[PDB]
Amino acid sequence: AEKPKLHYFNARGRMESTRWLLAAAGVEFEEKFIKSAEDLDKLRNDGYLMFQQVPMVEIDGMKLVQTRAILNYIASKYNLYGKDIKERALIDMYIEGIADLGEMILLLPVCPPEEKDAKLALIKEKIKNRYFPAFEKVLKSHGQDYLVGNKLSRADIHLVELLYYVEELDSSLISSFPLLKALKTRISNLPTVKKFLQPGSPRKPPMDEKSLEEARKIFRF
């Protein structure tokens, strides 16, 4: 209990951006998986989850419960949040555009089957016209290697993680965006991220039929 213990089920879900921030920061974590609905209710009843939900992360003696509260703490603790407030204002504006798009991709497996391909067509229109041009534009304006202060931050890890999810959606979207392609390569070869991308890591896979089935059972949605 010096190693962060991330409480969640065995899936990408809402824990994955934390798994990537901690691993890129070189921190080693421990995971306690929720296998059943009763695993989640025990957690609730013991007073571990402030709003009855997970992600939950035991770190520095706190039972931290919200995604954005978990990430903001880790990003500050490990110097991945910029040097001053004008610098983390640019990081929050970029990474919140990334969480808007990321929420669309995250929830797409739960979409009503009629809607599913209309939603997917809308997510590809947003990537082409709105989100990727915006980020191509900040990398093109300063011509530096990193999104914000010519120093690695959480905006780069949160953006590259998303570029991996968009590549699984359709590997053709990124092709007209050369500076994003370059940033993906670059952050993917950093030793901490490279370790994480390798075959034995705590990194999780796409949601399939059986994970979504387990997710509906545990979280009763």
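One rule holds for the numbers: they count along the sequence shown, beginning at 1.
Stretch comparison (45 to 53 versus 61 to 69) by mean CA B-factor in the PDB entry places 45 to 53 on top.
The mean C-alpha temperature factor is higher for 113 to 121 when 113 to 121 and 84 to 92 are set side by side. Comparing C-alpha B-factors across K195, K35, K181, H158 in the deposited entry, the largest value falls on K35. Per the PDB record, residue ranking by Cα B-factor puts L173 in the highest third of the chain.
In the deposited entry, the Cα temperature factor of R12 places it in the lowest third of its chain's modelled residues.
In the deposited entry, the Cα temperature factor of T18 places it in the lowest third of its chain's modelled residues. Looking at the C-alpha B-factors along this chain, the one for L147 belongs to the middle third.
Placement of the Cα temperature factor of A99 within the chain: lowest third of the modelled residues, per the deposited record.
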